[PDB]
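Colleague: Here's a structure for you.
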Amino acid sequence: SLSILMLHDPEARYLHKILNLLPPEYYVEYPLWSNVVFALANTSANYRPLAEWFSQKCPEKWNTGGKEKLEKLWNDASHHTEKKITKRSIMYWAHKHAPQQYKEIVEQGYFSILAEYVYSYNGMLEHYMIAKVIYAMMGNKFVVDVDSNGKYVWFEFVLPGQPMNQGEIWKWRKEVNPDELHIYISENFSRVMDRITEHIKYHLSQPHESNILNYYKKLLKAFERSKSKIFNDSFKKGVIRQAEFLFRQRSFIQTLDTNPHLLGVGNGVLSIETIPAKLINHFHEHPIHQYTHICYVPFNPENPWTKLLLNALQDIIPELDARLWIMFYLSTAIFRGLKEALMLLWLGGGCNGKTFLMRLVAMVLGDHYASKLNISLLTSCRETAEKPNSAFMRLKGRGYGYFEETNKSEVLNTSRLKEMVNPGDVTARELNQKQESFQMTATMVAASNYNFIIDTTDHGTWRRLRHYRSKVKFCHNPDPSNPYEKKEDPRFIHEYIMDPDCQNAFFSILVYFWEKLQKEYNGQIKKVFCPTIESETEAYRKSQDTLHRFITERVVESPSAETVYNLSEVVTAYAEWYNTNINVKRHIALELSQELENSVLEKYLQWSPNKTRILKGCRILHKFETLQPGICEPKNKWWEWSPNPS
Amino acid sequence: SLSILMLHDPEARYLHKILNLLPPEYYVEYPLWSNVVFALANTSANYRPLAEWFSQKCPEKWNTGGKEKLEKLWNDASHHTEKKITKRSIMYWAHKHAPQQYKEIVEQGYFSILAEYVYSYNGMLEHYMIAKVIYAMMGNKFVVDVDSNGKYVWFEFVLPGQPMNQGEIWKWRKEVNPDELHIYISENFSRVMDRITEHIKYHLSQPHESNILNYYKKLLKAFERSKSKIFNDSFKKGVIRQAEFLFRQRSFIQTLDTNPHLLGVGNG
DNA sequence: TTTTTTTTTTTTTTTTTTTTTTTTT
DNA sequence: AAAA
Ligand SMILES: Nc1ncnc2c1ncn2[C@@H]1O[C@H](COP(=O)(O)OP(=O)(O)OP(O)(O)=S)[C@@H](O)[C@H]1O
Ligand SMILES: [Mg+2]
């Protein structure tokens with residue numbers, strides 16, 4: 001039904017004019033004829049005859065390649081979507097390979113549209129007809145959408161070779177007013193206007209009877225009076241008001257920045273969807289707007305900065321397995337999608353260089369994807385009633401959260417922490433607006449030289465937690481006796497972050513590590529057995545437990561004795577214990593009404609017939625009360641990751 | 001390809017005219033000449049042949065000097081990010097060393113621009129024409145940028161010889177509305193209006209065929225009717241609301257006062 | 001727990017309109 | 001000179 005499409009849509013025929021400029025080898029290329037049929041698939045569905053016409057377009061080997069081959073990709077499912085290239089991109093392949101003939105095709109294209117309107121209304125232009133001409137001419141560059149509060153917001157696609165803020169190439173940007181459209185409607189639209197002027201004068205040159213003696217003269221007078229209308233301001237404001245509907249595109253704002261496999265970079269957009277990661281520095285159709293100003297380059301260990309960073313980094317963390325495991329964890333900061341609930345906190349001392357690593361990642365990732373949050377938030381000690389809260393926000397879309405030191409060692413209640421790590425959704429509010437929910441997908445790190453008090457026993461609480469301790473410390477007198485001591489550079493933090501190449505080198509390392517973990521056991525973090533890690537963590541679990549310490553301080557090593565009333569004094573005995581052993585405090589005592597049974601006291605803990613859980617015997621201690629009776633060091637390179645054991 | 005240089009771009013031919021009347025002693029010297037090479041290189045990369053011809057202004061340096069070194073300098077300036085010294089500076093040296101000649105050159109330039117618009121639209125001026133003509137002159141001052149709050153903001157370059165605040169000289173200042181731009185467009189633009197009127201009446205003086213019996217009469221009537229528009233409040237407000245698009249400079253507010261090696265003082 | 005966020009603006013007209021002199025009756 |  002080629003004729004059908006021809007008559008059904010003049011644009012379809014124009015679209016046919018433009019597709020005739022494609023060389024036959026384009027139709028030969030297997031992934032390309034799949035691309036074009038998919039591109040037309042997402043734009044309407046009645047173009048099956050046109051798609052079938054494309055099967056007969058340069059069919060030098062259609063029978064050789066299979067008659068039921070190109071149509072099969074569309075006839076198998078006229079429904080269904082793939083989130084692929086739509087229209088307004090086929091024009092890009094058309095003009096990138098067939099110049100000149102493309103510019104005249106579009107030139108006569110809107111020329112017919114404009115010349116139709118000038119004849120139909122005796123040369124009396126208006127706002128809407130101009131808006132239609134503009135959209136058919138530069139409708140493949142602008143998108144208008146409506147935000148949450150509701151205004152007609154303008155988004156512009158940046159192209160190389162035009163004034164633009166650094167790092168904002170090959171991606172959409174927000175515009176308060178389409179300013180460059182205002183100059184565009186005044187300069188390039190004039191050229192279209194002139195072609196009309198020549199056409200009417202040429203027809204006036206050809207003699208004829210009264211049908212042209214006054215009719216052409218009237219239009220010329222009307223047209224010239226209307227020629228100056230375009231330069232007016234209120235008229236130009238009206239055209240922008242009209243064109244808002246033509247450039248309207250439903251479902252564009254909420255699909256912005258949704259793909260977690262696309263990252264905006266200073267030299268295009270970086271795709272981590274497939275291995276290896278690929279850089280896009282040409283036209284595409286992915287709705288991405290946020291970015292960071294760090295240019296991406298392929299990972300080269302031969303760069304002096306890459307070696308410089310790797311050497312200092314390797315010295316910072318001595319253990320090979322710990323070094324691999326930590327950076328693999330930090331490599332997830334590039335990802336912006338759902339992540340497994342892992343909390344990383346680790347201990348150090350003095351000028352340990354902890355601040356250097358967090359600071360490096362934050363600027364490398366950029367503000368759009370990384371941010372600094374109040375350390376108090378981690379404590380979770382603070383509670384928020386029905387009141388605005390801002391620091392809870394800012395976590396949207398981010399993939400990295402880093403903290404700093406506290407006043408001292410701090411206690412962290414499970415509340416306000418369970419939802420900070422879990423792959424769930426949380427809701428809150430702040431200045432203005434109201435309650436709203438947002439998916440949390442950011443990696444979390446918080447290291448300090450202060451131990452974090454944890455008062456619980458639940459496995460679910462102590463399953464999304466990992467602990468580490470630093471061992472290498474920096475001092476200005478590095479005696480050559482202790483390996484855990486190295487010299488410092490004041491420039492190392494004050495500068496070396498201001499060098500863009502350092503960020504470019506560091507970002508490459510992060511990309512490479514994420515590729516390694518992805519090429520590793522299908523992602524995930526639970527694997528990679530680092531004996532140094534997860535052992536100090538459970539050692540920290542054997543510590544940081546007041547009850548267990550109390551158990552093997554007063555009742556254990558003296559269980560054969562018998563000074564027991566009930567669960568009541570055991571709490572008081574535990575109360576006075578932590579009062580001195582730790583600090584004086586009180587609790588709604590029901591926690592031990594079951595935790596004590598959850599403990600190892602069952603040897604003597606047996607509930608009496610009238611409940612009271614009378615322990616079979618212990619010795620409450622007063623006065624001194626003693627004598628109571630009861631890895632491979634890497635050869636030369638470790639970023640190469642070594643074989644599977646590593 | 002000098003003909004290609006002078007063909008595709010009237011801005012290039014204007015830069016050709018400005019490139020003349022220069023003190024070639026500076027071109028002979030390495031520092032200042034390299035500085036102006038950097039200035040022109042930072043202003044787009046499409047002007048590679050024009051920069052090459054700038055190497056052939058007083059060709060002695062291109063015949064006695066680092067030819068390949070100079071072209072490599074221009075190339076690296078094109079593909080590097082620096083402080084980005086731009087135009088409106090070579091204009092400064094041209095005015096500094098060479099008064100007179102440049103004044104009538106720019107006068108003829110924007111006068112020709114306005115005359116071209118008048119002849120194109122039968123002397124029916126409109127806000128865009130006046131806005132572009134105004135941007136053709138001035139331009140050095142009046143940088144416009146969009147704040148973080150979404151409000152257009154105007155900035156003026158303070159110069160000696162005006163009523164300014166204390167210690168505000170030789171640096172940008174914030175302006176709620178370009179008031180002295182308003183009075184400038186009211187006063188100085190009238191000189192161009194008068195020059196155009198004189199040119200029209202002079203052409204009317206010369207005798208010709210039936211064109212002058214009615215056609216110049218129509219042109220002069222339309223121009224006279226449009227003359228009073230520049231004094232209208234709504235017309236001038238529209239002219240400003242059109243012109244702030246042209247004087248827009250991307251990435252200006254956030255890069256303001258960023259340099260820690262520069263201090264603002266009373267005497268500069 | 002006010003406190004400051006909330007309130008409460010806050011743009012608020014503006015364009016235009018009319019005419020528009022010329023034109024052409 | 002008056003109406004569009
Ligand atoms: N890999 C490295 N190479 C060279 N110098 C380093 C390295 N790591 C740390 N340093 C030096 O040691 C210092 C870093 O320690 P600090 O940042 O002071 O300690 P921190 O644990 O990060 O937290 P602070 O700052 O002590 S509260 C810097 O002054 C660096 O000069
Ligand atoms: Mg530090």
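For the structure tokens, the naming scheme is as follows: chains receive sequential letters (A, B, ...) according to their order of presentation, residues are indexed from 1 within each chain, and ligands are indexed from 1 in presentation order.
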Counting only C-alpha atoms (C1' of nucleotides), collect the residues of chain C whose closest atom lies at most 10 Å from chain A, and write them out as a tab-separated table (two decimals) with N, CA and C atoms (P, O5', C5', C4', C3', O3' and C1' of nucleotides), in the first residue's frame.

Modeller:
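Wrote it out as selection_20.tsv, contents follow:
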chain	number	residue	atom	x	y	z
C	4	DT	P	13.53	30.81	63.78
C	4	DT	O5'	12.79	29.60	63.06
C	4	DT	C5'	13.30	29.06	61.85
C	4	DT	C4'	12.19	28.91	60.82
C	4	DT	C3'	12.24	29.93	59.68
C	4	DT	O3'	11.67	29.36	58.51
C	4	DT	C1'	10.22	30.14	60.77
C	5	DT	P	12.54	28.41	57.54
C	5	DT	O5'	11.57	27.16	57.29
C	5	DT	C5'	11.03	26.45	58.40
C	5	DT	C4'	9.51	26.50	58.39
C	5	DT	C3'	8.87	26.42	57.00
C	5	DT	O3'	7.83	25.45	57.00
C	5	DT	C1'	8.02	28.28	58.19
C	6	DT	P	6.84	25.31	55.75
C	6	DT	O5'	5.65	26.32	56.10
C	6	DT	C5'	5.11	26.34	57.42
C	6	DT	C4'	4.20	27.53	57.62
C	6	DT	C3'	3.14	27.72	56.53
C	6	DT	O3'	1.85	27.82	57.11
C	6	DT	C1'	4.28	29.75	56.95
C	14	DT	P	0.12	47.40	32.40
C	14	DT	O5'	1.47	46.65	31.96
C	14	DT	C5'	1.62	45.26	32.22
C	14	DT	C4'	1.72	44.48	30.92
C	14	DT	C3'	1.09	45.18	29.71
C	14	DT	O3'	1.92	45.01	28.57
C	14	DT	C1'	0.14	43.05	29.97
C	15	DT	P	2.11	46.23	27.53
C	15	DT	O5'	1.46	45.68	26.17
C	15	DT	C5'	2.04	44.55	25.52
C	15	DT	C4'	0.99	43.48	25.27
C	15	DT	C3'	0.05	43.76	24.11
C	15	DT	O3'	0.63	43.31	22.89
C	15	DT	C1'	-1.19	43.05	26.02

Colleague: Once you count only C-alpha atoms, which residues of chain A turn out to be within 9 Å of chain B? Could you give them as a ChimeraX atom specification?

Modeller: /A:161,163-166,176,179-180,182-183,186,224-225,227-229,231-234

Colleague: Using Å and a single decimal, report how far atom CA of residue A:399 sits from atom 6 (C, counted along the ligand's line) of ligand 1.

Modeller: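 Interatomic distance, atom 6 (C, counted along the ligand's line) of ligand 1 to atom CA of residue A:399: 25.8 Å.
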
Colleague: Which residue gives the smallest distance to ligand 2 among A:397, A:490, A:264, A:617, with only C-alpha atoms and all ligand atoms counted?

Modeller: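 That would be A:490, the residue with the smallest distance to ligand 2.
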
Colleague: Any residue with an atom at most 7 Å from ligand 1 counts, using only C-alpha atoms (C1' of nucleotides) and all ligand atoms. Which are they? Put them as a list in words.

Modeller: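 Taking only C-alpha atoms (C1' of nucleotides) and all ligand atoms into account, the residues around ligand 1 at most 7 Å away are residues 312, 313, 315, 316, 348, 349, 350, 351, 352, 353, 354, 355, 356, 405, 474, 487, 488, 489, 490, 491, 492 and 493 of chain A.
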
Colleague: Could you take the residues named above and write them with N, CA and C atoms, as a PDB file, in the first residue's frame?

Modeller:
ATOM      1  N   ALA A 312      49.970   5.533  45.811  1.00  0.00           N
ATOM      2  CA  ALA A 312      49.519   6.092  47.081  1.00  0.00           C
ATOM      3  C   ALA A 312      48.350   5.298  47.645  1.00  0.00           C
ATOM      4  N   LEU A 313      47.419   4.894  46.781  1.00  0.00           N
ATOM      5  CA  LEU A 313      46.269   4.117  47.231  1.00  0.00           C
ATOM      6  C   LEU A 313      46.705   2.779  47.809  1.00  0.00           C
ATOM      7  N   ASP A 315      49.562   2.022  49.165  1.00  0.00           N
ATOM      8  CA  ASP A 315      50.199   2.259  50.455  1.00  0.00           C
ATOM      9  C   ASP A 315      49.176   2.570  51.538  1.00  0.00           C
ATOM     10  N   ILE A 316      48.049   3.182  51.171  1.00  0.00           N
ATOM     11  CA  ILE A 316      47.051   3.568  52.165  1.00  0.00           C
ATOM     12  C   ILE A 316      46.455   2.334  52.831  1.00  0.00           C
ATOM     13  N   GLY A 348      40.105   4.342  62.304  1.00  0.00           N
ATOM     14  CA  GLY A 348      41.469   4.762  62.092  1.00  0.00           C
ATOM     15  C   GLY A 348      41.937   5.615  63.249  1.00  0.00           C
ATOM     16  N   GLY A 349      43.000   6.375  63.001  1.00  0.00           N
ATOM     17  CA  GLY A 349      43.538   7.242  64.030  1.00  0.00           C
ATOM     18  C   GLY A 349      44.441   8.337  63.501  1.00  0.00           C
ATOM     19  N   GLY A 350      44.251   9.556  64.000  1.00  0.00           N
ATOM     20  CA  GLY A 350      45.108  10.662  63.606  1.00  0.00           C
ATOM     21  C   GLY A 350      44.979  10.984  62.133  1.00  0.00           C
ATOM     22  N   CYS A 351      46.086  11.436  61.543  1.00  0.00           N
ATOM     23  CA  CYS A 351      46.129  11.772  60.120  1.00  0.00           C
ATOM     24  C   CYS A 351      46.204  10.475  59.323  1.00  0.00           C
ATOM     25  N   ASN A 352      45.082   9.762  59.296  1.00  0.00           N
ATOM     26  CA  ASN A 352      45.006   8.478  58.616  1.00  0.00           C
ATOM     27  C   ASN A 352      44.731   8.607  57.126  1.00  0.00           C
ATOM     28  N   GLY A 353      44.423   9.804  56.641  1.00  0.00           N
ATOM     29  CA  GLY A 353      44.095   9.979  55.246  1.00  0.00           C
ATOM     30  C   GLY A 353      42.692   9.572  54.867  1.00  0.00           C
ATOM     31  N   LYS A 354      41.829   9.292  55.846  1.00  0.00           N
ATOM     32  CA  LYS A 354      40.457   8.906  55.537  1.00  0.00           C
ATOM     33  C   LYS A 354      39.730  10.017  54.792  1.00  0.00           C
ATOM     34  N   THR A 355      39.923  11.265  55.224  1.00  0.00           N
ATOM     35  CA  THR A 355      39.253  12.388  54.578  1.00  0.00           C
ATOM     36  C   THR A 355      39.637  12.488  53.109  1.00  0.00           C
ATOM     37  N   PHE A 356      40.869  12.104  52.775  1.00  0.00           N
ATOM     38  CA  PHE A 356      41.341  12.235  51.402  1.00  0.00           C
ATOM     39  C   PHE A 356      40.525  11.370  50.449  1.00  0.00           C
ATOM     40  N   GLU A 405      34.110  12.847  61.058  1.00  0.00           N
ATOM     41  CA  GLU A 405      34.281  12.531  62.466  1.00  0.00           C
ATOM     42  C   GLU A 405      33.196  13.199  63.308  1.00  0.00           C
ATOM     43  N   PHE A 474      50.100   8.260  59.507  1.00  0.00           N
ATOM     44  CA  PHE A 474      51.041   9.222  58.952  1.00  0.00           C
ATOM     45  C   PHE A 474      51.572  10.135  60.050  1.00  0.00           C
ATOM     46  N   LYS A 487      55.619   9.325  55.145  1.00  0.00           N
ATOM     47  CA  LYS A 487      55.659  10.777  55.092  1.00  0.00           C
ATOM     48  C   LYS A 487      54.381  11.319  54.453  1.00  0.00           C
ATOM     49  N   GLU A 488      54.194  12.633  54.565  1.00  0.00           N
ATOM     50  CA  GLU A 488      52.992  13.298  54.086  1.00  0.00           C
ATOM     51  C   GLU A 488      53.363  14.441  53.157  1.00  0.00           C
ATOM     52  N   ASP A 489      52.398  14.824  52.323  1.00  0.00           N
ATOM     53  CA  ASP A 489      52.533  15.979  51.445  1.00  0.00           C
ATOM     54  C   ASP A 489      51.375  16.921  51.737  1.00  0.00           C
ATOM     55  N   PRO A 490      51.633  18.135  52.226  1.00  0.00           N
ATOM     56  CA  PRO A 490      50.534  19.099  52.382  1.00  0.00           C
ATOM     57  C   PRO A 490      49.834  19.405  51.074  1.00  0.00           C
ATOM     58  N   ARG A 491      50.561  19.357  49.957  1.00  0.00           N
ATOM     59  CA  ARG A 491      49.935  19.552  48.656  1.00  0.00           C
ATOM     60  C   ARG A 491      49.007  18.400  48.297  1.00  0.00           C
ATOM     61  N   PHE A 492      49.196  17.236  48.921  1.00  0.00           N
ATOM     62  CA  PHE A 492      48.496  16.035  48.477  1.00  0.00           C
ATOM     63  C   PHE A 492      46.987  16.184  48.622  1.00  0.00           C
ATOM     64  N   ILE A 493      46.538  16.931  49.625  1.00  0.00           N
ATOM     65  CA  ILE A 493      45.125  17.244  49.787  1.00  0.00           C
ATOM     66  C   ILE A 493      44.807  18.662  49.337  1.00  0.00           C
TER      67      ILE A 493
END

Colleague: Pick out the residues sitting within 8 Å of residue A:411, and hand them over as a VMD selection string; count only C-alpha atoms (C1' of nucleotides), and ignore anything fewer than 3 positions along from it in its own chain.

Modeller: chain A and resid 379 381 452 to 455
